[PDB]
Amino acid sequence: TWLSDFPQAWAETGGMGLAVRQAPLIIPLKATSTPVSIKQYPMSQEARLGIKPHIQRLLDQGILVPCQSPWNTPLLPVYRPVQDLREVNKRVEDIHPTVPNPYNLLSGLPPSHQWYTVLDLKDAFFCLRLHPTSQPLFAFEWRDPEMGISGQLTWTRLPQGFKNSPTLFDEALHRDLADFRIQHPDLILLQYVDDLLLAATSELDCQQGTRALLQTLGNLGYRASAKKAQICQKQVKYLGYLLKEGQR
């Protein structure tokens, strides 16, 4: 089965990803920026208990670490933790947005390639490491009132809510898949951040290319959702479109 044949490639069986070929990312600040430290608005016990097991898992995974930082942004409860990074985003130097919009991206799908595989990378941003010099930028406060610990944590990986994460991830995965594209010139590979479409001319080619792509992704340290995957179908949902008989 696809699951048992590629244990490293699936998030369900391969563990949390880590893009081993990608250097830890340095996040340049605007020329005039200084740190901003926003105090954490009190969280209800209900919200704290809701967020707590997620924080603990991320700490166990090494994705969060303790720190002392002159930067601080608030966590809000939505329960899942959502960090308000807007004041950090304002102080980070802009980069050119290189992620294509879906309409333009799908123009690269010719009618000859009607066999599709769709893969969704799980926890994509967390696969990219942050350089230790840039980690303090993303710090937030974490309290366990019944454990005593009050102090800051920060991310060791590219965080959610950071304005440049989609572009930095798209660019990194493009670098990591450049050789795959060269080794498989008869395949069409569309990348939209963590959403991938592979297109082939035949079921057999789509099967062999999907085998090669899963093997490559897993080897590089990325992880796809086995639950959501659409493998070697003539009909798939990709980027909100239904792809069917060359349409949409």
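The numbering used is simple: start at 1 and walk along the sequence shown. Rigid core (definition): largest C-alpha set, two forms, superposition within 1.5 Å.
The segment moving more, judged by mean Cα distance from this form in 9 other deposited structures of this protein after a core overlay, is 99-107 among 99-107 and 82-90. Looking at 191-199 and 39-47, the one farther from the shown form in 9 other deposited structures of this protein by average CA distance, after a rigid core fit, turns out to be 39-47. Where residue 78 is followed by residue 79 in the displayed chain, the model omits 4 to 9 of the deposited residues that sit between the two. When the mean C-alpha temperature factors of 212-220 and 179-187 are read from the deposited coordinates, 179-187 comes out higher.
Stretches 18-26 and 221-229 differ in mean CA B factor, with 221-229 having the higher one. Ranking 159, 74, 110, 132 by Cα temperature factor from the entry places 110 first.
As recorded in the entry, 150 carries the highest CA temperature factor of 150, 154, 164, 83. When the modelled residues of the chain are ordered by C-alpha B-factor, residue 42 sits in the highest third. Ranked by C-alpha B-factor against the other modelled residues of its chain, residue 207 falls in the highest third. Among the modelled residues of its chain, residue 120 has a C-alpha B-factor that falls in the middle third, as given in the PDB entry. Among all modelled residues in this chain, the alpha-carbon of residue 146 has a temperature factor (C-alpha) in the highest third. In this PDB entry, residue 201 carries a Cα temperature factor that places it within the highest third of its chain's modelled residues.
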